[PDB]
Structures are given as structure tokens and as C-alpha cells.
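Protein chains in written order, with this note's numbering: chain B, 422 to 720; chain D, 480 to 1104; chain X, 886 to 1509; chain R, 65 to 386. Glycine is no exception: its CB is placed at the ideal position from the N, C-alpha and C atoms.
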Amino acid sequence: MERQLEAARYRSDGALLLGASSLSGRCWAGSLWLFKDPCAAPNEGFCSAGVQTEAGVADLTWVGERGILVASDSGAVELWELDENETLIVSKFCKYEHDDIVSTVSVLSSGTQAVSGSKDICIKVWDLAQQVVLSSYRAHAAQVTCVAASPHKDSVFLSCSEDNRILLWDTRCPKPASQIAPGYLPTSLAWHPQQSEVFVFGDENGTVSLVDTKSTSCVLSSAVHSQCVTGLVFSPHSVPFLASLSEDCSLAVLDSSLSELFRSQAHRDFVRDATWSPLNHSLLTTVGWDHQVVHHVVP
Amino acid sequence: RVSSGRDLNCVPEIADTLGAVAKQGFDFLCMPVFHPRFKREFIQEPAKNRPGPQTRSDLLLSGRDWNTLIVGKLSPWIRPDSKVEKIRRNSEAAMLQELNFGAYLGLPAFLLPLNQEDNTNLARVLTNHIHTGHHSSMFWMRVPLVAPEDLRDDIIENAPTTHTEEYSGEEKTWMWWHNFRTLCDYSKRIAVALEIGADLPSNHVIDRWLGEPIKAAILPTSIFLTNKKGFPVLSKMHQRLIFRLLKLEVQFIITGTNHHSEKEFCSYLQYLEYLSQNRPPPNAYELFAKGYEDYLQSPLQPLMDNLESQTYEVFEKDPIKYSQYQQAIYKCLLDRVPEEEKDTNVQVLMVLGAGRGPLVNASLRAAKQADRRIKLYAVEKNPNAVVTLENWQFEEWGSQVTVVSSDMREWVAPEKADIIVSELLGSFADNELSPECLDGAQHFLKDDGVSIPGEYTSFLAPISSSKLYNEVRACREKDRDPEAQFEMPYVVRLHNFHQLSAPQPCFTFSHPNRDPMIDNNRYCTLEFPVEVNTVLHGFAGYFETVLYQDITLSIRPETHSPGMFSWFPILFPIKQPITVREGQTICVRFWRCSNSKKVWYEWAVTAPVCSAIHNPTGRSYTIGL
Amino acid sequence: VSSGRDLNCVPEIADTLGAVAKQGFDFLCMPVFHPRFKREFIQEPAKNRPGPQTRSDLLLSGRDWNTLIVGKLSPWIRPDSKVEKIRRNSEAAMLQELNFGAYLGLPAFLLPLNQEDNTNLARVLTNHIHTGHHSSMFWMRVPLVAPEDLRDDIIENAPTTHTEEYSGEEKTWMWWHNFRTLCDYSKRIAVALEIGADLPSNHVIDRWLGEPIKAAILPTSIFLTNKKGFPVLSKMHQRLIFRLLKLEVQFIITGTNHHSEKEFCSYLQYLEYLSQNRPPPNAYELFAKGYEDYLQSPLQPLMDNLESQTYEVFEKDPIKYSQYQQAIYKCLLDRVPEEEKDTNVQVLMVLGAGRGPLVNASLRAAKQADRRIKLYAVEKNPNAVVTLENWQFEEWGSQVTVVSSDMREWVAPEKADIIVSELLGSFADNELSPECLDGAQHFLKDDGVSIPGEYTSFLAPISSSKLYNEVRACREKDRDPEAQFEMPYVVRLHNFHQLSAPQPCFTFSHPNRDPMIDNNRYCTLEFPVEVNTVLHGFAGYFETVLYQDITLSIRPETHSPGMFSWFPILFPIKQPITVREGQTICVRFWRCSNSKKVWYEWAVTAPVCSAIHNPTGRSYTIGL
Amino acid sequence: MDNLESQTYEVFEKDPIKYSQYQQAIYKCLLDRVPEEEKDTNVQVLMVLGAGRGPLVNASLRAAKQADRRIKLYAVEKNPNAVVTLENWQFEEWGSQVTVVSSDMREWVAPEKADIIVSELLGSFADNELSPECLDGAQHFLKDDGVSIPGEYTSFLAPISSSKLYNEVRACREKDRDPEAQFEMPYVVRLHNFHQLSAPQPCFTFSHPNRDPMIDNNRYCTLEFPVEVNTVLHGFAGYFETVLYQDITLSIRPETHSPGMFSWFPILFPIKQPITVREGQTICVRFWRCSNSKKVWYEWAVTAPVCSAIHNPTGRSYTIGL
Ligand SMILES: Cc1cc(NC(=O)C(=O)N2C[C@@H](C)CC[C@@H]2c2ccc3sc(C4CCN(C)CC4)nc3c2)cnc1N
Ligand SMILES: Cc1cc(NC(=O)C(=O)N2C[C@@H](C)CC[C@@H]2c2ccc3sc(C4CCN(C)CC4)nc3c2)cnc1N
Ligand SMILES: Cc1cc(NC(=O)C(=O)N2C[C@@H](C)CC[C@@H]2c2ccc3sc(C4CCN(C)CC4)nc3c2)cnc1N
Ligand SMILES: CSC[C@H]1O[C@@H](n2cnc3c(N)ncnc32)[C@H](O)[C@@H]1O
Ligand SMILES: CSC[C@H]1O[C@@H](n2cnc3c(N)ncnc32)[C@H](O)[C@@H]1O
Ligand SMILES: CSC[C@H]1O[C@@H](n2cnc3c(N)ncnc32)[C@H](O)[C@@H]1O
């Protein structure tokens, strides 16, 4: 398996999906892996499925239960269907429509569409069934860092880029992009699960902030990490915790008021992705470039 | 045809990818050397001590391949001008790492992007690096024609793209370059890789880059329109641009993925190749001058120096000019000797400065074309050419021609002249001292005689060309003033430059000059209105000359005698470049000065700002009498 | 062979050029004005003689003039005549013919030295050279033996003295050297050495070692006629021709066809045959032939990180790594006995690994000897650490540990059984191997081994006006005008003269147990010289003991054969120094240093004193 | 890097105000560190790092008796020509109370850790004599609760017009070096005929002791100077302020100048080409403090209203020797 683990997503039934890249050595490729045993990862021998891609994987997300949406370095969006037996992984499609590395992807509320952001500064709306681009949006002026689909609305999503802009979208509107002091660059976006009014964003300076779109005002923020915040994930908990991942190699779990509850130094390299177990809601799985796959017990 | 390269930010197997782009028809590949998403930490534990390999090995290619086929690329996560101090120091270390590695591989060029106004620390680091080993490695700056901000789709509700007029702002990207370029002190190892987008801006935004060292033009696949067959094509305006870029002989780079997936990447390249072949075929002048494009040469001094053989050879290899001289002589013959007297009145016709005698053969052909009597003299102070002349004379011309080996200022001629024919003009007309030579040779002209040419006039025009400014800058020699190269002119076929105002006449001379108070010194002042923003680096110089009435010669671009490649333009540089904003006027001053031994020019810009006076007392450049 | 034909008679320039072209020659030496066509410049009436003064330039193309025609000064021109009128006239005429040869753009022009005093000839030629900075080369026709010392002893009252004249027999060289000196060592001035029937003592021939000989002139007279009528040469003449071919000089034929049975292609073909029937051009020798007398600044692998292809040429040298492997192997057998082979593993560190040829050598030695080793590859160049770690992951595994740091810095985990280095320059310690190993010593076991265990530098005085001029041309703006003479250069020496046997300069031993470690040195060397010559510099070589009887050397006497990893080093001197036969050259050398720099100073103190070169390392320092 | 001559030290010592301030700072620190009752039982180890000919030593003594506390003294100096004077003094006058240590403070393995360290390693631009690196090396032998006098310092810059001084610099061109090297190096000079174009602003600050685990004495500063006049930029004047102890400070900055003190003159950073500045425009200048294992140096460039070249890149024209 390639050393640099990029993504880790839990399925509803407890199965773990992993996306790995090789960022050094002769071959710069990527791979997808499915572990129906979560504690057996990362070992390749004890896996439920696996596949090798032409190119590495930057971001990754489920499509329901059998679909796997991949943003590849090739500039392509690849959709990988799962096998009838859930033993093989097969490429349903792979479209080269972005001009540069596709850096982020997310699936919308309807589950029949997705949104992608690339280093080519463009955002693209995809019909996963028809397998075409519906809208191509050159709204930013720098490479698109993160795109986060709204959980409860099909036409709405958030995006953030190195042009220091956070755009709230609405494809129904004629000018779908809407911008909301210019601090340090935004790096990660996470809608709040129960309140589609508010969300959170991390910056490159290691500060995580909480925003209410209605009040269009930064109600709160906290200096969690010493370095860039690469990911933000809420828990499915009734009152949801917030996980924050950084390049300082730490994981931090925060309350509703952005205070530090949990913090793990177990990783010795970058922390990439983190998903909570939908089986045991107090368990949290993190991955990184030290090829570690850690399971965290959260009080 | 075209030299080309392919731009990629994804290379899974370097060998396979290079083979693919080689079979696609490309001449080289631009690729990253470390993985573009493989951010590295240098200061802080633990990722500081991340175990290698940090990238792929150098053994994967041959030194041949590294040296000729691979343009390196700076990873995009590196931001040396970040507002964050940590990212600043880290990007510094990473930029040093990737650059030193590209040098370790010995890459012919390395790409770095300008995509914001402030790249001060980027320039600081790159300058530091360049001054560590006097290496060859070129550095291409990826600069967009239109900033991504001024190119974004107007789809933001509360941030509308103003559809207003902003002359200066539309040029902002050039400004970026010019600032960066300036901080690095005009390093010859720093060039432009101009990137081209969908919407092309006003023609002045494009013209800003005239005279800039563009080595590469970057074409994305996005800007390619899909024609009736499904092929990739470009707009008519894009094609006008591509022609302009091809004259500068820049390399063309393809970026983006295959949107016209029906075909293969050879389709874009083949559109280009087709365009290059379907270019107006090179007329005789252009092929000769193409080798001398922006090539500097010291002005010849046929008076002080005796010219070599092949120099005369290239002078003679120019039919148009001698056809004109023959026609002028012919018309003057018809005017001077009436029809009835053709057999009884012979004309004394002296070629002053004969060389190897093309003017002599021209005088003969004119004499018979016009049907009149002439006695000929061929005066020449270069004895090495007098050899050729006397061989011709003995063998062919006979005693009709008299070869006179002396300076025309010295020669006590036997009989006064009916016509005197000269060729003593430089690229700046009088810069070979034709006025003084003819003034000395004038006394032995009949009180009603003719000088061919009868008149000449120099022309000047301000020009921007950081390219040629750097070429001059590199002419500094040991054992002389460090700035002497800026205080002397150069003969050069100007190519990559920007004319900033219409040429205007500088100095005129008329022969014969009957004036009792002869003074060949001059003080001229020229005001050039400039309707663009630009940077003054020098002044181009041309000339016009009246041989006889309506027969004239000119290298001036507007009135250029067509097909004539005897002269190239002259260039008067200035030490410090001068910014000029749209609407301002460039006021330049010129002097023709002399003493008993030397003649020379001085010059200075007095508006919009003052320069220093150039070549004062001819201290750096004199023309020997 | 590149060749030309010399003629003082050309009736039709076109026909003559065609003839010599069909004969197989590459170029023609001919006069440009007629050789008997003496001209007057001062005094009437012949002053006003009507032209043409010679034949036209139109008779050839510019390509032909530029590539095929060597001009020749008419022999009636005598700028050093004792007669004032002939002096001024020959001045004007020499200017005329030279300026004309430049007008034609000739690649070379011939002028003769056939007496002791050519002072005014040099004055005029120097004046001309400083009138337009043109390319035109000037070949000086100098005979090996003066015609006086070559005449037949058939004068009753003027006998050729049959005594021994060491200095006098070299007189022609003196001529050249004086002329050459008055023209201030102009690179546009070279030698066209002319060869006669009687060859002199071999020291007379050796005088021209290191001189810029571009052409060798062979007359038809000196060609022996064999049984068939062929033209051939003596055995000694052939020894000479081989020597001249190594310098790659052009060969010119002069004289008429005495072997009139044949055609002039016979003379040429004898040469062509000789040149093919020499040891065929090696791979080693053809590689180094491009670098003949080519100057390069010494690499500094400590201060500078070496490029990739530099390492590539370092590795492409089998003999040296075979030696290193054998040394490691013998040391292994000595340290670990036969019974312990599986129970005692040896810690073996490659300090300065590069791209790891020494690592593969250590491995091949470990298995050739059949012993256990644990390996470390230390390297401060990260661009090479890339290659190393790629190899390690792919091939070596965890047996090797790649350590990316300076050996003076590294806090190693466990002490070493063996340390293997490669930090030698052409002058041994000039890449600061002593300081690096001194820093890397503390983590060596109290009974461990350093490969190499010893090294020693060697120096020898050399004459080579050629290389002296090459150095002279290295003057740069924005620094001292003489800095180029105060710095060494790596160069495959070729056209030069060794004046005394190499002698050892500086030696270093590792491990250096000495409690008072001082890598500074003050050495004095006395080189007896058995010839007249001119000292221009000092060649430098090295020897190193890797282990016991396994050594490396570029010293010409003890040269490791077939090894092209190093070229010799050259320490020049600003002013050349004359040395008469029997005298002794006394050179002094210092190895100096502080916390940051190391450098050499040097000076000649006998037969005369030079200045101290590179004082305070002002012109050359080696970075620590 | 250089060992100072005798009369150089002599002019350093001929400045009472400064040593009065140093004495007062030492005195206050003594009162703060050793309480009243312990005056006889707790002796303070007080090291003069960079002692010269020992005016700071006599100042430490006068402060010890003015404050009435016990001190053991060390006078460290790497200049042996001044160690001569120091040891002569010590034998004759100070006795064994003072210990003269002839070595670099970055080298010296001191016997016992220090209560106070007193330095004088400031130039006209504060850190331009490399006081940060010297004290960073000499820091390890300081007690984990000790004091550095001075505890802080800060450099100051201001753009100046002076065609006079520009011509003076222009005339400093030397043979055998870059024709423009004189513009890429600073000069110490009592500025006189010149025009200050904007208020001085702080450039670089250093604090001692520097506990920070990630010590980096490199700096990248950007200064924006509003200019309310038409003029021509020729250079930048440089001054410094330093906190010896709390409210005892020194300054050559014209606004906050310590009065009567003539130990330092201002420093001048020139630029190659003069730059026109119209009223209302802002001069944006950039400064770097750079270093390696052997050298420390400054680079600088004007980025507004126009761009200059980067001055002294890679320290090619000016390096400060470590
Ligand atoms: C009739 C006439 C023609 C001209 N024309 C020119 O001058 C001129 O525009 N061009 C440029 C182009 C057409 C080529 C010839 C010539 C040129 C210029 C500058 C140098 S410098 C040099 C070197 C001299 C020294 N040797 C060793 C190398 C060449 N050659 C040259 C040649 C001027 N005046 C008169 N009357
Ligand atoms: C293992 C070892 C080997 C050597 N050997 C030599 O040094 C040496 O004799 N030779 C001469 C010949 C064989 C060629 C390589 C090398 C050389 C010398 C001087 C320069 S100068 C330069 C330039 C550097 C800058 N780049 C841009 C161009 C090349 N390369 C070179 C190469 C010394 N030490 C060690 N440890
Ligand atoms: C305590 C302290 C003080 C200072 N102060 C200064 O530096 C300074 O502002 N000034 C200017 C004015 C007050 C005079 C002394 C000194 C100076 C400056 C530059 C040179 S250059 C030179 C030459 C050296 C060589 N010899 C042969 C001739 C004199 N002397 C000098 C003297 C810096 N640092 C510390 N720590
Ligand atoms: C054809 S370029 C000008 C020619 O005129 C010659 N010439 C220039 N000035 C004079 C002069 N004063 N007398 C004679 N020939 C001249 C030059 O030597 C050259 O051949
Ligand atoms: C193979 S040429 C010598 C090699 O040793 C490396 N080297 C030289 N000095 C040192 C040192 N002190 N520490 C580590 N590697 C070194 C050089 O960078 C080069 O790769
Ligand atoms: C009084 S000016 C600064 C004094 O401190 C001395 N000095 C500077 N750096 C050091 C150092 N590292 N160790 C010892 N003395 C020093 C200088 O030699 C000078 O006497």
C-alpha cells in the first residue's frame, strides 16, 4: 500500500473506506481500500476490497453505499462502483473535465449530484447518473481549497479558496455565489449537522471559527492548532462534537463552544481525514501520512 | 515549424509519461520534481523528521534527458510571500530545496509563478539562489495576461465585476513582472512565460509585453474553440496573437486536460504546426536579417578603419540600392547635357568612396542607358580595395576610369567635377562623417555641379526593450568606465522592442553646401508624445536620403525602401530606464559635436524626467576623422 | 592528419589551389604579393609605381580565403635591417601585407624568425595586432637549428666548430622566446617549427616542450629515398613526428618535388600511414583528449553540493572501486576470524557516500569475503540523499541506514569498525578530507580502521608557456588583475615540460591519534633541474593508502592504471622564472586554515624569488 | 570579527552618561534580586560579557557598593590586547574578586552559572554587531531565572534625502570589486546635511534571555513611511533603542535621544538609484536580517512608490563575521 493515506470514511454499517496516495518514489499513484474489519487496517492482507488507480487521490467521499467518488491528480473525477459481492472495485466512470488537480469533492443532499473543486480555480456540478458536468463556475481567483455540500439542500453548498473568499452558493439563483475582516486563508469547511444556518471554517494559521450565515457575523473562534487546519468533521452525536485536523500532526476534539476536549499526538506526520464510527459513536478513526490508522476513544 | 512543450501537474511514471508526450510530438515536458501535493515541514517536529525519499531519483533519466527535455516546476503549496511567518520560512526552505534540486539535475529551465502583486520575498530567495554558482539555468516566470481576478465569471451577488474602464489596472500583471524583474536587478537568467486566457484584453495590454524577454507562451486547452469537424481551433484574434508570438520565435506550451477527447493531444499541436507553415513566406530581406535579430554590432567607421573584403561584399549584395543610384545618375545626366550636345559635352563624374566599384559599374550602365559621354574617377583611401579597383580597371574599364588612391579631403584633382557620387552614409546618415568628407571634396566641384546624394536626414524614435537594455548592460568591459556601453550606439536589426512614438527627423545635411559659415555641429530637441504606459530604454535611429529629386533611399519603417538590406537601424541607449505613463511626452536632446580630430554625438532625456548627458566630450564614443 | 602545402610560386591562384586540393591537402600557404615584387614607399620615382600592386580578392570566395589560404610575408621585407632606409621601407611593406591579409580575412599569416634580433619586427607586429581586435593568427617560422649551425663545413677559413655548445645549440628557441616576450605573450602569436636534415641533441628538441606550436614544417629535402623511390624519414625523424602528432599540430610541406617519379601525395601519404599506424585512440584517452590543457576550477564537495552528472563521471571509473572493494575485503578478513564469521558483525560507515557506489562496493566486498556487516551511508548533499534513499528502499533494505547530515555533526548511534572515505582531490587534502575525518573520528572504535588510512600530495615544477597564457587569459573584472595566478586549476596536462621528479609535499594519517592535532603545514622542496627552461608552474598529484598494499595514485610514476577519476592540479606563478641547466628550484608551500577556511600559499625562493601566492587566501579559499 | 584598537575603546569609555545608566540598571536589578535581609548571605554572580578595558567592571563595582550587596565578578573578553589591560587592572586593583576570562563567550565553559550578564555588543543599528548570536551562545550558562542587561533592543529606520551623502557614497567605488558595492553596504556617520522624510519606525527587536525553543534571529520586516513633501530618496538612516533594565534605557533615535551621549552615530543604508517621491506618496521599504553558519548580513529594497533592486543579496557586498 502507498504510504500517504489521504482519506478515511465510515459507511453506515461500520465498514471503513480508505484512500491512499504515493507522494514519493518512482511511482506517484493512488489506491482505494475497503475494510469490513476496522481494526485490521492498514494491513492490505486483511482487507475486504482494494484497487489501484492510475494517479493519486486528493479527496474522497462515499456515494450512498456502493459508490465511491474520487478526485484524482489527473484532473479527473472518477466514480468507482462497488461489486455485487463487495469484493471488487470497478470504475463506473472517469471524466477529465478539470484542467488541474481536483482537490476536493462532496456529495449533495439528493445523492444524485456532486460538487467538485480543483486547482484550476473552477468548481463543477456533476450529475452522477448522467455522468456529465451541469454547471462550470469560475467564481474564485485562486485554486479552490475546499467544497462542502449542504446536508439538507440540493442547490446549496460552500466553497473556500486561496483568494481568501468563502462563497455560499445557490444554483437556483442567477448569481449563485455569495461572499461572507479578511483574516488568514480558509482551508477547511464543515456545515453544522442539525442547523443548516451555521458552519465552521479553519484557517492556515491554525484558528477554527464559527459562522452564522443569517447573522453574517463571526460569533466565535479559537486558536486550536499551531499550523494549518486541513479538515473539520462533526460527530453524529445528538449534540455533535467537532474534530479538527492539522499539519502540526495533532487531532483535537472540541465542544459546542470550541474548547479543547480531546487531543491526540499519536500521529507523527500530517493528519488527513477522520470519521466517527456510526456503530460506537464515541469512537473516532483518524489517518495520516505516517501510514497510521488510529482509533480514538472520546470521553 | 514550431518548438513545443507539454505542461502537466500529474506524472505517475516519469518514463512512461515522457514517452507519451514524446510520441505526441512535443519537444519538451514541464513537470514538477517533487509531488505537487507533498508539502514538507522544515522547522517543527515531528513531520520535520519525515523519512525519505523526498522525491523520485535522478537515475530515472539520463543526463541528456534532464538537460534537454525537462522543465522543472515549483510546487504550488510553496508561498514565500504568505502573510503567515511560519509559512514564509517554510516556503523559503522549500523553494531553495526544489531550485537546488533542479540545478542538481541540470535542468535547462525552471518555472515559477507570478499570480499576485507582491512577490518580494520570492524575488529575494530567487536572487539569493542565482548568486550561488554562475550556472546556466533559465527561470521562466508564469505571468497571466489577465489576472485571474479580472477574468473570473461575474456570478457573485455582492462582488460584481465592474464593467468600467481601467486603463492602468488592466495592465497590472505586467506591473507584477516589471517589479519582480526589477528587484532581481535585470538578471538575464530570468524570463517570461506569458499565459493566455479565454478573453483577450485591449491591444495596449498586449503591447505592454513588447520588448520583454518572452521565452514561452502558455496555451491552455480551455481557450480552444471546437470547430465544425470537432477539431480544436482559436479565435481570429488569438491567431493574430500567435503570429506575433511566432515572430519572436518563443516556445509554446500546452496546459490543461483533453477536453476534445474525440482526438489526441497531437490535434492542438497540429493546429499550431499548420498555423506556422501557413505564415507569409520569408521575403529576401527577412531571411538575411533573421540571423541578426537583436544582434549588437559596433558602428563601422569606413573613414578611420579600412573595411574588410566580405564587408564590401555584403554592401554590394544589394541590387535595389544600386538600381536607385543608377537611375539617379541617369536622370541627372539627362538634365545636365541636352540632347543635341550628347557627343560634344563629356561629363566628369567622380565616385568618392568607390570601394570595390559597384558605383563605377552603375555609373557606366547609367551612361549607356542615358546615352551620354562621361569621364570617370574612382577615389578610395582604402588601398586594399584599390587593389580590386585597379585590377578591374586594367582588365575591364580601361583608361575611361581613373583610379585615385587617396583621401578625398587630400586629393588635388586635375579637373573639376560635374557630378560627385558618394556612399558615406551610416544607419544614422552622417554617423560615418559624409558631411566632412564631402565638404573637403567640394572645392573641386564645378560651381554648378551635382552631389548624389544631394540630401540626407537622420530619424529618431524612443523605444522600450528590456531585452536590448540587458544586452547593452552585458557589454561592460574591464579597463574602462563600467557604464561606457550605454554611452555608445550599436547597429542592430531591432526585433523584440516597442516603438513608443513616431520617428521624427533629427539632423539634415545638404550637398553641395555653399554656405560661407559651414558648421556641421547640431543641437536638436525632439518631443515624442506617448499614448501608452511603458519604460524608455533607448532610441532607434534611421535615415532618409535624396539621391536626386524623386529618387530616395530610406530604412525608416514607414518610408522603407523595399527589399533593401544594406543598413540596419542604430540604437542609442540610456543608462537608467525611465518610466513613462500614458499621455506623457518624452523630450530628448541630441548634439552633433566635433573638433579637429573627432566627431561624436551626445544625448539626454529631459522629459518626463532628466537623464544624464550621454557620451560627454565623446569620452566613450568618438568617430575618427 | 590535418595538412597544408607551402609554396613560394603560384602562377594561377585558382589552378594552384585546385592542384593542392586534389593532392589531398587541407590548406595552402602562399604569398599574397609576389615574393620578388619589391616596392618603394619613400623615394621617387618607383614610389609612384602604378598598380595593381597584387592580384584581386575576387579570385576566391570569402569561404576560401577564411579557411584555405595562409598568407606569407614576402622575403625581401627586412624590418631589422642595419640600413635605415630598408628599415622604414620594410616597416611600410610589412604593414601593407599584414593589413591585406586581414582584409582577406586569412585564418593565419606566416612570418620568419631567422636571426637573433627581430626587435623591430616584433614592434611592427605588436602595433598591428593592437589595431582592430581581430581573430587572425600569426605563425612564426622558426628553424630547429639555425642555418648557420646547419651549413656544410666546406669553408676553408671558417670551420664549423666541432665542440660542445649546450646553450648555443638552443639559440633559435631563444629567438622565439625573445620575440614572444616583446609581443607580451599575445595569444594571436604561435610557432611554426621548421625541421631540417640534421636533428640536434634531444635537449634542443625538448626546449620546445610547452610552447604554442601550431605547425610543423617538413621540407622535401629531409625525405630519404628508399629502394622503390618512395619518400621516407629516419627513425629519429619518426620519433619526432609521433611527438608532434600528440600535440595535434598541423603539418606543412615545403620544397619542390625531388622524388619526381611520384606526386606530392606520396609525402602526405607517408604521414597519413604513420598517423593511422599508432596505438589506436583509447576510450580513456579519447575522453581525456577533449580536456587536454583545459582549465577547470577545483570542485569543493564540502562547501558546494555536487551536480548529478558530476557524480555520474565519478562512478564511471571501475578500477578505483575495484581497489576500494579489495581493501574493504582484506580488512574484513583481518578483523573477523573465520570461526566468528556469523557471530561478529562489523559496523562499516561510508562517510561521503554520494550516490552510493561505495555502498555497493562494501556489499560486494562483504559477500566476496563472506562476513557480516551493518552499513551506514552518510551524506550532507540532500540531492544525492534522494538517490541514496531510493536505492535503499528499493534494493539495500534496512541493512543500510542512510544518514543525511555532515559527518562533523552526526551524533552516531554506535561506534564504527570501519570508516570509508572518498574526500580526496587532485592534491589529496585539497577537499579537506583531514578536517572531515578528524570530526568524524570520535565515533570510531578505539581499534578501528579508516579506508583510506593515509594520503600524500606531490609536486613537480613545469614549463608551459601555453598554460601560462591560458591562465593569463583568466583575468576577470571586479577582482585583482592577477587573481588567476593565485589559484589552482584541475587540468589534464598535455603540452608541458616536467622539469624535475615529483616529490612528496603533505601527508595525512587516519586515525590521527595525536593530542595536538594541527593540519597546517610548511614544506620546502628542492628540485634539481638538468636543462635550460622557464618555470611557469607546479603540477600536483597524490597517493593514498586505502589498506596495506592497496593504494591509489595519479602520480605519473606510480599511476593507478586506467583510472580517470582525477586530473592533475596546477599551481601557477605570476611571473615566469628562467632556470639554467644545473640550477635547483626551491619551492615553499603552506597549508593554512582557520575556523571557516582552508587554503594554500606558495612561493619560489630559488634560483630567484617569486612573491608569496594567495596570501591570506585572498584569491583562493577552500570552504569548511 | 575584528579586535578593536586601543583608542577605539578609549572613545567608547569617554562617555559618562551611558555608564551611569548601566550602573543604575545593575543597581536596581541587585535590589530586586537579593532581598534586604539576605544581603550578606547571598552573593550574586555577575558576568561582564564583552568587557573591553573594563569600564563595565568598575561600573558593576560602584553599583555593588551603591546598592550594598555581594557580587562575584567575571570579565569575559576575546580580544587579548584588551585582556592585557584587564589583567593589569585585576592584579593591581580589583584583586581576586574579579576573574578575567580570555575567550569567546560562545566558547567559554563557565564554572558556575550566572545571576546577571552585562553586555555592550550593540552597534548603531543595535544587532549589527551580532549581540543576539553572542548572547544566545552565552545564554546556557545563565541561571534559569537570571537577568540580561540590556534585556531588550530595537532598531529604527527612516528614509532620508541627501544628494550630498549620496555623492559621498558614490565616490567610494574601489578597483577590484563590483562598481556598485559601496551602495550595498552601510556606513556609520554623524548625519548633518540631510532631510528626514518620515518619522523613524522600529525595524528589528531582540529580547534576552530568549527562552524560545525555536530560536531564529533572521527577520523580514516591511515599513511604510508616509511622505508629506516632494523630495528624492537617497537612503535610510538607522538608530536604536535598548532597555537595560525596566525604566533605564538608551537611545540615539533623534526623538528619544539619550542626552549628552556620544557613544554611537547613526548608520546609513544607501540605495543605488535615487527615487523621486511626490507629496502624499508612501515609501515602502523591505529589510531582511539573514545569516548562515559563518556570516550575518542585511538585505533591503524599496518597493514603493517604485521598486529598487535588492541590495547586498547573499551578503555579496557586506557580511558581518561571526
Ligand atoms: C554602404 C554602407 C552600409 C552600412 N551598413 C551598415 O553598417 C550595417 O547596417 N550593417 C549591418 C548589416 C547589414 C551587416 C553590414 C553592416 C555592418 C555593421 C556593423 C558591423 S561591425 C562588423 C565587424 C567588423 C570587424 N570584423 C572583424 C567583424 C565584423 N561588421 C559590420 C557590418 C554602413 N555604411 C555604409 N557606407
Ligand atoms: C571522487 C573525486 C573526484 C575528483 N576528481 C576531479 O575533481 C577531477 O579531476 N575532475 C576532472 C575530470 C575527471 C572531470 C571530473 C572532475 C572535475 C574537476 C573540476 C571540475 S569544475 C566542474 C564544473 C562545476 C560546475 N558545473 C556547472 C560545470 C562543471 N566540474 C569539474 C569536474 C575530485 N574529488 C573527488 N572527491
Ligand atoms: C560601545 C560601542 C560603540 C559603537 N559605536 C560606533 O561604532 C560609532 O558610532 N562610532 C562613531 C564615533 C562615536 C567614533 C567611534 C565609533 C566608530 C565607528 C566606526 C569606525 S571605523 C574606525 C576605524 C577603524 C580602523 N582604524 C585604523 C581607524 C578607525 N573607527 C570607528 C569608530 C559601536 N559598537 C559598540 N559596541
Ligand atoms: C562603400 S563604404 C564608404 C567607402 O568610402 C571610403 N571612404 C570614406 N571616406 C573616404 C575618403 N575621405 N576618401 C576616400 N575614400 C573614402 C571608405 O574607405 C569605403 O570604401
Ligand atoms: C563522492 S565526492 C565526496 C562526497 O562526500 C560528500 N561529503 C563531503 N564532505 C562531507 C561531510 N563533511 N559530511 C558528509 N558528506 C560529505 C560530498 O558531498 C560528496 O557527495
Ligand atoms: C566594548 S565593544 C564589544 C566588546 O566585546 C567583545 N566581544 C564581542 N563579542 C565577544 C565574544 N563573543 N566573546 C568575548 N568578547 C566579545 C569585543 O571584543 C569588544 O571588546
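- By the Cβ criterion, the stretch 484–495 of chain D is in contact with the stretch 506–522 of chain D, since at least three pairs of Cβ atoms, one from each stretch, lie closer than 8 angstroms.
- Runs of the alpha helix (DSSP H) lying entirely within the stretch 119–170 of chain R and spanning at least 4 residues, in chain order: 119–131, 144–153.
- Residues of the stretch 1463–1495 of chain X with a C-beta less than 7 angstroms from any C-beta of chain R: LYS1481, listed in chain order.
- Per DSSP, reduced to three states, the secondary structure at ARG1068(D) is strand.
- Per DSSP, reduced to three states, the secondary structure at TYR1179(X) is coil, with no helix or strand assignment.
- Separation of the CB atoms of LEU332(R) and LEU194(R) is rounded to 19 angstroms, and the pair is thereby denied contact status at 8 angstroms.
- Here the C-alpha atom of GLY709(B) lies approximately 6 angstroms from the C-alpha atom of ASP690(B).
- In the DSSP secondary-structure assignment, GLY485(B) is not bridged to any residue.
- Note on geometry: alpha-carbon atoms of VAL905(X) and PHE912(X) lie some 8 angstroms from one another.
- For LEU584(D), the nearest CB of chain X lies under 7 angstroms from its own CB, placing it at the interface with that chain.
- In this structure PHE1370(X) is not in contact with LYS1265(X), their Cβ atoms being roughly 32 angstroms apart against a cut-off of 8 angstroms.
- Three or more beta-carbon pairs drawn from the stretch 261–271 of chain R and the stretch 293–310 of chain R are found closer than 8 angstroms, and the two stretches are therefore classed as touching.
- In the displayed model, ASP686(D) falls within a helix according to three-state DSSP.
- Not a single heavy atom of ligand 4 lies less than 6 angstroms from the C-beta of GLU915(D).
- Put simply, the CB of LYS545(B) is far from chain D, with every gap to its CB atoms at 7 angstroms or more.
- Under the Cβ distance rule, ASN626(B) counts among the residues neighbouring chain D, one pair being separated by less than 7 angstroms.
- Here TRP1061(X) has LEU998, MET1025, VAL1027, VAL1076, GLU1096 as same chain residues with Cβ atoms under 8 angstroms from its own Cβ, once five neighbours each way along the sequence are excluded.
- Between the C-alpha atoms of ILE566(D) and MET278(R) there is a straight-line separation of about 15 angstroms.
- DSSP, read as helix, strand or coil, puts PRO711(D) in strand.
- With respect to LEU1344(X), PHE1393(X) sits apart: the two C-beta atoms are not nearer than 7 angstroms.
- Put simply, the stretch 1165–1185 of chain X does not touch the stretch 1242–1250 of chain X. Fewer than three CB pairs are less than 8 angstroms apart.
- If you draw a 10 Å sphere on the C-beta of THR534(D), you find 16 or more other C-beta atoms in it, and that means buried.
- Taking the C-beta atoms as reference points, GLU423(B) is found no nearer than 7 angstroms to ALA436(B).
- Using a Cβ-Cβ distance cut-off of 8 angstroms, the stretch 566–585 of chain B and the stretch 599–617 of chain B are in contact, since at least three pairs of beta carbons, one from each stretch, lie closer than that value.
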